[PDB]
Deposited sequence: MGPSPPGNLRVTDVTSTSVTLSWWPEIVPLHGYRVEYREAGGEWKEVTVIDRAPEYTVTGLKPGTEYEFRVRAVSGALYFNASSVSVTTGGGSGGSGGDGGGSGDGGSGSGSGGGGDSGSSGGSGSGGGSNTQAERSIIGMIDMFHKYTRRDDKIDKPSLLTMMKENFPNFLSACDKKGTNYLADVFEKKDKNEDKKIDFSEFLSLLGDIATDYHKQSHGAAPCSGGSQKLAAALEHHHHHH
């Protein structure tokens, strides 16, 4: 969520995430000079700030980020430093990036990570489900893991969004949250 520079020195750039109140369980930070060669560095557990160093004073530096699931973030990213996307489009790109904040190398999410994402991304909806006396996290994985691989690929994750999206449209028409006797 908005990849931003928070301090710049003559050979050290600092970057922030501000993701799900927490980053992605791993994030590559690629960087090159203006017409440079991409240098990578893999940060780990939920570190929301990373500072690059060793750079050249008064030099143009490009940056971009990837996921454990070998894939880029922020659309295609690319910021620059010297030492027209519509709301709906951006709303799309973020959701992919949300997937890619929990997926491991395979680009799929395990039950541990899924229940995390839920809690950090859809908290008021989960709370809602409690208030009525529904435990969504019980049978979410088994429901949306139709293929029973014990892994949520994008496809399976979309079907989830689809179920939440539904609720919100229901809620829009005025349906008390977490409706689904099913």
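**Q** Where along the deposited sequence are residues missing from the model?
**A** Model skips 1 to 6, 90 to 129, 229 to 242 of the deposited chain.
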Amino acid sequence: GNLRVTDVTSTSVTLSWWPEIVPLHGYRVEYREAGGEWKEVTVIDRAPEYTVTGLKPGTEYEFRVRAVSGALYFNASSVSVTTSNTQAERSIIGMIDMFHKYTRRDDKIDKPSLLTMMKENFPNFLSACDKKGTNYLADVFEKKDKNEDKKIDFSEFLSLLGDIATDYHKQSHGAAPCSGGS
From here on, numbers count along this sequence of modelled residues.
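**Q** Would you determine, from the values in the PDB entry, which of 143 to 151 and 122 to 130 has the greater average C-alpha temperature factor?
**A** Looking at the recorded C-alpha B-factors, 143 to 151 comes out higher on average.
**Q** Please compare 41 to 49 with 133 to 141 and name the stretch with the higher mean C-alpha B-factor in the deposited structure.
**A** Mean B over CA atoms: larger for 133 to 141.
**Q** In terms of recorded Cα temperature factor, pick the maximum from 110, 107, 89, 97.
**A** In the PDB entry, the greatest C-alpha B-factor among 110, 107, 89, 97 is found at 110.
**Q** Taking the values exactly as deposited, rank residue 12 by C-alpha B-factor within its chain and report the matching third: lowest, middle or highest.
**A** Within its chain, residue 12 is a highest-third residue by C-alpha B-factor, going by the deposited values.
**Q** Comparing residue 60 with the other modelled residues of its chain, is its CA B-factor in the lowest, middle or highest third?
**A** Answer is middle: the recorded C-alpha B-factor places it there.
**Q** Residue 23's Cα B-factor: lowest, middle or highest third of the chain?
**A** CA B-factor rank for residue 23: middle third.
**Q** Could you look up the Cα B-factor of residue 34 in the entry and say which third of the chain it sits in: lowest, middle or highest?
**A** According to the entry, residue 34 has a C-alpha B-factor in the chain's highest third.
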